[PDB]
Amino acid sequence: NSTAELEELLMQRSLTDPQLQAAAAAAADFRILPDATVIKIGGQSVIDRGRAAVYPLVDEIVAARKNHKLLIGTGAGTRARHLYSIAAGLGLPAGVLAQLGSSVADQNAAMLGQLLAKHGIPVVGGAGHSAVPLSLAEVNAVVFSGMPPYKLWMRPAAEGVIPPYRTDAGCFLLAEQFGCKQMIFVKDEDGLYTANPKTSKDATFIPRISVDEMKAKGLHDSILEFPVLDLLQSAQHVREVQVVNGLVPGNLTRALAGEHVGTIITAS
């Protein structure tokens, strides 16, 4: 390869051209925020539960940002499900529902951000405005709404009008495109089980699994949005994710310290 050959292809071929695609794949790989960790705080699993769930995680965030740069994205939760149900019953398309869901994740970011404001932690659009916060020991963290910006250009699912890329996908893609070192999904279960632990009696805990193994076990759409598992196999920078129970005091702190709490899902 060479820059000259890449620029030649870039000028003279369609971007669809396999030869161009391959030359572009050999480009150097810059990580924009390599030392940051992206954390998703679940909407339904955490923020909808109010103080008993949110206040301990606020404390952990405040303690953790002493030693860890944090990009904290919020899920949407039950109010988004309500909007999806109204809009779906009207026949509205996935692109319209996508905008509705974003407003609920924004609400959750605003509530979490107000609990963190006195600790110096702002609510921002995304990682592109986190540069100053993440360079300051006094700050070292930001809060953002986790919904992707696709709005009316949301790709629909194969079936139904529920946007397939929601806040798990939004947070994952931010960690991936900013080349972050770690992606932690904070939910309300200890991790992945062989069945939904809420509706199954004897589901077995899975500490570590690959995407292929999840698909083969029927877990494609279990504790993460299924599109996320496919994004993870495509990712250049974040090749595994960790799912932890935010309802367990200190679980996020211990995950940031490298403890294998929860479930590690690997691209391969």
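Start at 1 with the first residue shown and count on from there.
Of 192 to 200 and 147 to 155, which one has the bigger average CA B-factor? According to the PDB entry, the answer is 192 to 200.
Which of the two stretches, 113 to 121 or 128 to 136, shows the higher mean Cα temperature factor in the record? If you average the C-alpha B-factors of 113 to 121 and of 128 to 136, the larger mean comes out for 128 to 136.
Based on what the PDB entry reports, which of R239, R49, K40, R31 has the top C-alpha B-factor? Comparing C-alpha B-factors across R239, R49, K40, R31, the top value belongs to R239.
Name the third of the chain's ranked CA B-factors that contains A23, choosing lowest, middle or highest. Highest third - that is where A23 ends up once the chain's C-alpha B-factors are sorted.
Which third of the chain does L70 land in by C-alpha B-factor: lowest, middle or highest? Ranked within chain, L70 CA B lands in the lowest tercile.
Pull the Cα B-factor of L15 out of the PDB entry and bin it into the chain's lowest, middle or highest third. It falls in the middle third of the chain.
For the chain shown, is the CA B-factor of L9 in the lowest, middle or highest third of its modelled residues? Its C-alpha B-factor belongs to the highest third of this chain's values.
Could you place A64 in the lowest, middle or highest third of its chain by Cα temperature factor, using the values in the record? Highest third.
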